[PDB]
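What the sequence shown shows, in the deposited numbering, is residues 1 to 330, in sequence order.
The beta-carbon is built from N, C-alpha and C at its ideal position, and this holds for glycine as well.
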Amino acid sequence: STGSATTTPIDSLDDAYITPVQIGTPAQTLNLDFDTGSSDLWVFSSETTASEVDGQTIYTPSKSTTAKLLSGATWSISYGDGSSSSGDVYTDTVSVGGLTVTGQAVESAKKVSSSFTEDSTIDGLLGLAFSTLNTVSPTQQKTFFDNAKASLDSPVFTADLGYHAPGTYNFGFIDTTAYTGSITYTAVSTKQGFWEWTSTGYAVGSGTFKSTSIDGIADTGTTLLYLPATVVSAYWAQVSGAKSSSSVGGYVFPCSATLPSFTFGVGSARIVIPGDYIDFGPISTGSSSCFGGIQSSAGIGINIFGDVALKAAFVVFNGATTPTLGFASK
Numbered sequence: 001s002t003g004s005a006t007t008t009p010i011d012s013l014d015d016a017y018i019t020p021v022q023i024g025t026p027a028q029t030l031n032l033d034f035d036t037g038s039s040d041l042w043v044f045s046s047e048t049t050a051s052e053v054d055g056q057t058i059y060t061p062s063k064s065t066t067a068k069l070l071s072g073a074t075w076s077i078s079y080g081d082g083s084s085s086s087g088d089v090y091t092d093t094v095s096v097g098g099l100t101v102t103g104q105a106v107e108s109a110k111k112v113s114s115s116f117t118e119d120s121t122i123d124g125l126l127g128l129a130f131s132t133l134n135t136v137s138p139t140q141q142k143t144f145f146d147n148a149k150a151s152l153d154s155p156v157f158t159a160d161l162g163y164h165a166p167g168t169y170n171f172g173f174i175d176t177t178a179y180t181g182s183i184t185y186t187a188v189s190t191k192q193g194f195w196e197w198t199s200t201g202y203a204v205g206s207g208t209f210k211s212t213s214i215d216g217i218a219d220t221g222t223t224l225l226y227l228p229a230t231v232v233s234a235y236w237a238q239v240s241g242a243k244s245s246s247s248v249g250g251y252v253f254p255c256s257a258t259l260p261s262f263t264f265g266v267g268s269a270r271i272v273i274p275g276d277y278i279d280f281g282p283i284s285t286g287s288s289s290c291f292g293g294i295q296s297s298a299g300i301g302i303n304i305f306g307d308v309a310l311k312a313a314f315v316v317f318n319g320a321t322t323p324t325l326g327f328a329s330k
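Written out as structure tokens, the structure reads:
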């Protein structure tokens with residue numbers, strides 16, 4: 001089997017992407033944030049504290065003839081941005097772009113933190129990291145990809161995120177029309193539960209490439225590119241007036257600037273992020289200070305190849321017995 005679904009930016013900055021997902025019988029369609037940095041499929045629901053729902057579409061398990069309470073199971077998750085959610089668990093039928101999994105764990109939110117409530121466009125998350133990170137207790141549950149894998153034509157999914165435009169998540173096949181050149185594959189460590197890999201270095205604008213190993217994760221659920229302080233300083237030094245602002249929470253730059261590109265290495269291959277992809281707009285409405293799309297990871301503990309980096313590439317998440325990642329230009 002295969003599936004193919006369009007993913008759409010939630011706003012004019014590409015802060016996140018939503019993909020429609022069918023849950024239950026008859027189908028209830030929710031727009032979920034596909035997140036290769038986590039491993040829980042959770043949704044706003046008829047059980048979510050009413051004051052914490054503000055415009056989201058909810059899953060109502062009592063209206064699904066295929067929903068079953070997973071008795072005794074609870075979940076609770078905290079994300080790198082400080083947001084969180086928790087609740088109980090049902091199993092139900094879940095379809096993405098024509099690909100159907102029966103018996104998928106659908107984690108129903110009883111509580112969500114303020115940032116989720118405040119984002120009316122995201123009805124939940126669909127985790128695509130390794131199932132060892134799933135938070136369901138006392139019986140850990142499998143991701144949608146893990147449950148679908150054996151049925152897929154090939155045990156892969158691909159992320160093709162757009163810049164200020166829709167893109168595609170495919171399951172079970174590699175669309176050879178969606179990229180240019182060849183796909184370069186690179187080793188993955190699953191030891192932390194992430195799609196963790198080592199970039200071979202970087203360049204800033206037209207500058208020379210610096211060969212240096214940068215370990216990080218391919219994370220569709222993180223907006224920006226978070227890299228070591230040395231790398232980030234070298235980038236922003238090329239932008240007149242750019243500075244790190246403790247009050248704003250990162251590097252800012254004059255909105256009048258033209259940003260240089262940023263290149264990262266994948267083996268001997270190179271992915272070029274255009275300068276425009278690094279502009280996240282005014283820090284507050286009407287400001288002439290703009291927020292940068294490359295930020296330091298020094299306070300995280302891990303480097304993160306988020307949407308800023310991934311949307312410059314066609315990315316293969318290869319879930320074979322030994323997983324690997326592939327990157328192509330597009």
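Distance, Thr-263 Cα to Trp-197 Cα
16 Å
Below 8 Å, how does it come out for the region 96-113 and the region 40-49: are there three or more Cβ pairs, yes or no?
yes
Under the three-state DSSP convention, the category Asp-307 falls into
helix
Hey, is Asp-92 close to the ligand SAM, as in C-beta under 7 Å from one of its heavy atoms?
The ligand SAM is not among the ligands present in this structure, which contains no ligands whatsoever.
Assigned secondary structure, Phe-144 (DSSP; H/G/I helix, E/B strand, else coil)
helix
Euclidean distance between Cα positions of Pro-228 and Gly-306
14 Å
Where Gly-275 and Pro-260 are concerned, what is the direct C-alpha to C-alpha distance, given to the nearest angstrom?
5 Å
Local Cβ density within 10 Å of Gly-37, reported as buried at 16 or more and exposed below that:
buried
Over the uninterrupted alpha helix (DSSP H) stretch that includes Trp-195, give me the two end residues.
Careful: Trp-195 lies outside any alpha helix (DSSP H) and carries neither H nor E.
Name the residue from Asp-119, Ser-115, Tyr-90 and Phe-209 whose alpha carbon lies nearest to the alpha carbon of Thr-57.
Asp-119
What does the alpha-carbon distance come out to for the pair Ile-304 and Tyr-226?
When rounded, the distance between both Cα atoms is 5 Å.
I think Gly-193 touches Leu-99, with their Cβ atoms under 8 Å apart; what is that distance to the nearest whole Å?
Actually they do not touch by this definition, with Cβ atoms about 23 Å apart.
What residue ranges within the region 181-265 form continuous alpha helix (DSSP H) runs of no fewer than 4 residues, ordered along the chain?
229-236
Rounded Cβ spacing between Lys-243 and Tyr-251 (contact assumed at less than 8 Å):
About 7 Å separates the beta carbons of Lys-243 and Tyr-251, which is inside the 8 Å limit, making them a contact pair.
To which residues of the same chain is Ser-39 closer than 6 Å at the C-beta, ignoring the five residues directly before and after it?
Answer for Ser-39: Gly-127, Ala-129, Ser-131, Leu-133, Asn-134 and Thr-143, listed in chain order.
Contact the region 288-300 vs the region 197-213: 3+ CB pairs below 8 Å
no
Mind pulling the alpha helix (DSSP H) runs of 4 or more residues that sit fully within the region 63-121?
114-117
On a Cα-Cα basis, can you pick out the residue from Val-316, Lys-330, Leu-224 and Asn-318 that is closest to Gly-292?
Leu-224
Run through DSSP, which three-state label would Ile-278 get?
helix
Exposure label - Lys-68; buried when at least 16 CB within 10 Å:
exposed
Identify every residue that forms a DSSP beta bridge with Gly-292.
Paired residue(s): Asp-279.
If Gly-72 sits next to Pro-138, beta carbons under 8 Å apart, how far is it from one beta carbon to the other, in whole angstroms?
7 Å
Going by C-alpha distance, which of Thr-66, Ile-77 and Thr-208 is nearest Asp-92?
Looking from the CA of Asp-92, the closest CA among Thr-66, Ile-77 and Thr-208 belongs to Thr-66.
When DSSP labels each residue in this structure, what does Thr-132 get in the three-state scheme?
Note: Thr-132 maps to helix in three-state DSSP.
When you compare only the Cα positions, how much space is there between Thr-222 and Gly-249?
16 Å
To the nearest angstrom, how far is the alpha carbon of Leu-161 from that of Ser-329?
Taking C-alpha positions only, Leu-161 is separated from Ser-329 by approximately 12 Å.
Mapping DSSP to helix, strand and coil, what is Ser-45?
strand
Where does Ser-51 fall in DSSP's three states?
Here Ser-51 carries a helix assignment [DSSP, helix/strand/coil].
Terminal residues of the continuous beta strand (DSSP E) containing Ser-4?
3-9
Measure the beta-carbon distance from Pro-166 to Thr-7 and round it to whole angstroms, keeping in mind my assumption that it falls under 8 Å.
7 Å
List the DSSP bridge partners of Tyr-59.
BP columns for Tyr-59 point to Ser-45.
Using DSSP bridges, identify the partner residues of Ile-174.
Note: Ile-174 sits in no beta bridge, so no partner.
Using only CA atoms, which one of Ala-187, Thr-158, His-164 and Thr-186 lies nearest to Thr-177?
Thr-158
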